[PDB]
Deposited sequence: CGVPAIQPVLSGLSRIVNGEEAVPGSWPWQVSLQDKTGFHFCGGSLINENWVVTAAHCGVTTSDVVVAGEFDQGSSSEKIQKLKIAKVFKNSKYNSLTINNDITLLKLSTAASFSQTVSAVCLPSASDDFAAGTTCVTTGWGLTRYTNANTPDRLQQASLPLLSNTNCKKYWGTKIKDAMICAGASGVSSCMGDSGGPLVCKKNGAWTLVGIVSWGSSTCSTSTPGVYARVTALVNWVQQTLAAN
């Protein structure tokens, strides 16, 4: 996991990514083909996304896509068998914002489709560390081509200076650096390189209503949720 066959070369104020360089990135589209959320492949049969994305079994998971306006890309449209919304998810506070999607049809891994790594519950990602987030969300307050942006992680204590008590333990902040995740990026990945491999540290969750690049974005903290992910995959 976490090692793209096509190496990446380094959302408001982001940049266009190298085609296929973020192989675990998927697009969640409704039956009309409308992109509404991002997601990350963790293996051939499961996708991790945000619980607030409100995915249903009528929605479709699209893997291997780069330019949503192109008809010549060999993409994979995968049906969803079951939606596992974390029972700890609190829609009022948006805490524990994670949902697992069990695919009815397994994804076919290739040079452009593969899995991201999950961290250990005890893994530490220090404030100041520069990570990357990707998605097809608005670039100005959606773009056809996949965007990317590097941004720093903040500590929860420092994040509270911005969001106060809205910041919970199962959340992690990043940004306030000139870039920002925005509507349509939700459910997508916030990855950091650890020991040579890209690890899923956060899931785009919420933030500034205007996608302000001076305010930090809030992501679901994967280290606080990985135990649930492990339990779910094991029992299903």
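Asks: Any chance you could give me the deposited-sequence numbering of all the stretches lacking C-alphas?
Replies: No coordinates exist for the deposited residues in 11-15, 147-150, so these stretches are absent from the model.
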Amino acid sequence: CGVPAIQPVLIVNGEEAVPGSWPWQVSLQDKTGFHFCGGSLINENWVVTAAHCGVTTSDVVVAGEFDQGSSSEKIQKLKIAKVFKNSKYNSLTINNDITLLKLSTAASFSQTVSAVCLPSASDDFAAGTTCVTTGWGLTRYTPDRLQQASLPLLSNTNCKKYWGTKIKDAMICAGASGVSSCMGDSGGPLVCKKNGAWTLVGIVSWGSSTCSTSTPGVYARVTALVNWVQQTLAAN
From here on, numbers count along this sequence of modelled residues.
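Take the two forms, superpose them, and find the largest set of C-alpha atoms that agree within 1.5 Å; that set is the rigid core.
Asks: If you line up the core and then measure how far each C-alpha sits from this form in 8 other deposited structures of this protein, which stretch comes out higher, 69-77 or 110-118?
Replies: It is 69-77 whose C-alphas lie farther from the shown form in 8 other deposited structures of this protein.
Asks: Between 209-217 and 224-232, which one strays more from this form in 8 other deposited structures of this protein if you match the rigid core and compare Cα atoms?
Replies: Once the core is superposed, the stretch further away in 8 other deposited structures of this protein is 209-217.
Asks: Can you tell me whether 58-66 has a higher mean C-alpha B factor than 183-191 in this record, or the other way round?
Replies: According to the entry, 58-66 carries the higher average C-alpha B-factor.
Asks: 153-161 versus 110-118: which one carries the higher mean Cα B factor per the record?
Replies: Per the deposited B-factors, the answer is 153-161.
Asks: Report the option among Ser177, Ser209, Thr199, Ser40 whose CA atom has the maximum B-factor in the deposited record.
Replies: Largest recorded C-alpha B-factor: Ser209.
Asks: Between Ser104, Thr99, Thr129, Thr133, where does the Cα B-factor run highest in the record?
Replies: Within the set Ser104, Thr99, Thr129, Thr133, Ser104 shows the top C-alpha B-factor.
Asks: When the modelled residues of the chain are sorted by Cα temperature factor, does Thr223 land in the lowest, middle or highest third?
Replies: Its C-alpha B-factor, which the entry lists for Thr223, ranks in the middle third among residues of this chain.
Asks: Split the chain's modelled residues into thirds by Cα B-factor; is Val9 in the lowest, middle or highest one?
Replies: Tercile = highest for this residue's CA B-factor.
Asks: Ranking the modelled residues of this chain by C-alpha B-factor as given in the entry, is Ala170 in the lowest, middle or highest third?
Replies: Middle third by C-alpha B-factor.
Asks: Grab the CA temperature factor for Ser214 from the record and place it in the lowest, middle or highest third of its chain.
Replies: Highest third, going by the recorded CA B-factors of the chain.
Asks: Is the Cα B-factor recorded for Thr142 in the lowest, middle or highest third of its chain?
Replies: For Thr142, whose C-alpha B-factor we compare with every modelled residue in the chain, the answer is the highest third.
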